[PDB]
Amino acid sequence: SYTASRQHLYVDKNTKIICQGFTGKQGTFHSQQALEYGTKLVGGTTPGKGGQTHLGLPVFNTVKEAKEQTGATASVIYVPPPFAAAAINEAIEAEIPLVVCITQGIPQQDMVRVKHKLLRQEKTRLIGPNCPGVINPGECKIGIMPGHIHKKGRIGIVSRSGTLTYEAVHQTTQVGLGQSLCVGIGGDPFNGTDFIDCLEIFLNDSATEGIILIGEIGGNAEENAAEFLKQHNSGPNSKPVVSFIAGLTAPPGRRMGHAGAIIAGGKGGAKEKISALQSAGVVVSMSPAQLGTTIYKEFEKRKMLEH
């Protein structure tokens, strides 16, 4: 089952990465950032430029070649919307263990076709599309997140919102807790990784001592996560979970940027998600600026800070 690929989310210092769309504007800039961060970016693909050299690294026409020649176990996609679904499929077919798709704007119907293939295999784990990526601070950065705000630590972060991911990271760096692993699952309605996927990794990871879950209006993934936490994160040794759900004041019936962010037919509202998470013991920060302080205090109440 595709759930067997969940472990591939936990990138580390040994993860070698290729960049699909390597020579494009954003693929170039964020590849530069990844190299400066110390990430083992070893090459990239751009159909028609195989054999060339870019940022001092080899360029390949296909993922299959790039994987065989470089030993990469992860790929990140900076391919424009008309072709990005095909780029994801190429990475799945090449059995890349982890694929991160940054691209915003892939047709929903395209992603339905990608998900169809994705769910019928388990060599490849997809994060995204329309997401910032995944980062293991100080070990492996795959995506667009600003490197300098991270600090290796104890909080696992999963968020549908890229920018709110950065807020959670910054706040948990500020209060000294740091981050174990940070996954932006993106704002699209059809994607490769949901809250439960990341929550499984977090609850089983000893380095993750607390969790921040950031959601928003639309869908029912937060409600599913609430039930998952009810059954797997109750009792004595539970890990504190803090959450913020964006859109409490959003107008109904409007797509709020993310196509996945809409209140339609009375479903997808923020208050229902907040209540579901609260019923599971999650502490919901009403302010998005207080995620760090809220989880710090939950660590304090449980005497989890060794001052």
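Heads up: residue numbers just count along the shown sequence, starting at 1.
- In this crystal structure, the stretch out of 168-176 and 228-236 whose C-alpha atoms carry the higher mean B factor is 228-236.
- Once the C-alpha B-factors are averaged per stretch, 26-34 and 59-67 rank with 59-67 first.
- When the C-alpha B factors of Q108, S206, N130, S75 are read from the deposited coordinates, the top value falls at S206.
- Of the candidates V241, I245, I262, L277, it is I262 whose Cα B-factor is highest according to the PDB record.
- Residue-level temperature factors show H116 in the lowest third of its chain, judged at the C-alpha atom.
- In this PDB entry, the Cα temperature factor of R160 sits in the bottom third of its chain's modelled residues, the lowest group.
- Per the deposited record, the Cα B-factor of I214 falls in the lowest third when ranked against the other modelled residues of its chain.
- When all modelled residues of the chain are sorted by CA temperature factor, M286 is found within the highest third.
- Ranked against the other modelled residues of its chain, the C-alpha B-factor of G184 as given in the entry falls in the lowest third.
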